[PDB]
Amino acid sequence: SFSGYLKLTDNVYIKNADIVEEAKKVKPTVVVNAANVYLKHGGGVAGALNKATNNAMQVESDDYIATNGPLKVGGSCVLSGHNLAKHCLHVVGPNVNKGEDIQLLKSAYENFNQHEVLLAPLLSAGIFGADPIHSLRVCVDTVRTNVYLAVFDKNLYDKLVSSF
Ligand SMILES: O=C(O)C1=C(c2ccc3ncsc3c2)CCC1
């Protein structure tokens, strides 16, 4: 069902695309959200995915936090994918702009290995403040399952491919 991707490795693929539009087209089994520990989906990929669900992702996430408390940096939880996917895997990469340890990025990507195939964004990139080239390197070196990476920014996509 995924089309137009560049193969980087045996199991990692990449495309210049909006992950929201990709999820609406493919209806993947799992879409990854670039979450924070409170599951407050205000901006970046999380704000865009939540708006595409008409805020249903945020209402579900608030009930999850009321029952379970916050996630760990490097951790994840599986919730509904609403109108975008069967499931959403909310994964917390470290936010460098909040002073979090970049070494937790490998632990964040290890959550992907629990799912045979995923549609995902680059973790800890964008407003999370990490170097996207480093994030793609950790993804390739950690994830063993089939990951389809959707990169929204065209200039970033071109830089990630040409420096890989
Ligand atoms: O350019 C990108 O691929 C990146 C992100 C992003 C942010 C917001 C957004 N809204 C719709 S698709 C999307 C992707 C976060 C990390 C890198």
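The first residue of the sequence shown is numbered 1, and numbering continues consecutively from there. When a ligand or atom number is given, it counts from 1 through the structure's own listing order.
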Peer 1: Would you mind checking if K40 and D62 are paired as a salt bridge, meaning a charged N to carboxylate O distance below 4.0 Å?
Peer 2: yes

Peer 1: What pairs with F112 under ring pair (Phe, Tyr, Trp, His ring centres under 6.0 Å), at least two apart in sequence or on another chain?
Peer 2: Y109

Peer 1: Tabulating one pair per line, provide the atom names and distances (0.1 Å) for every N/O atom of ligand 1 that is less than 3.5 Å from a protein N/O atom.
Peer 2:
| from | atom 1 | to | atom 2 | distance (Å) |
| --- | --- | --- | --- | --- |
| ligand 1 | 1 (O) | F152 | N | 3.4 |
| ligand 1 | 1 (O) | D153 | N | 3.0 |
| ligand 1 | 3 (O) | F152 | N | 2.7 |

Peer 1: If we check side-chain hydrogen bond (donor to acceptor under 3.5 Å, both in side chains) with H41, which of these qualifies: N33, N50, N36?
Peer 2: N33

Peer 1: Does any non-hydrogen side-chain atom of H82 lie less than 4.5 Å from one of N54?
Peer 2: no

Peer 1: Spell out, yes or no, whether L79 and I65 are grouped together once hydrophobic residues are joined by side-chain heavy atoms under 4.5 Å, including indirect joins.
Peer 2: yes

Peer 1: Whether the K86 and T29 side chains hold a donor-acceptor pair (N or O, under 3.5 Å, no angle test) is what I'd like checked.
Peer 2: no

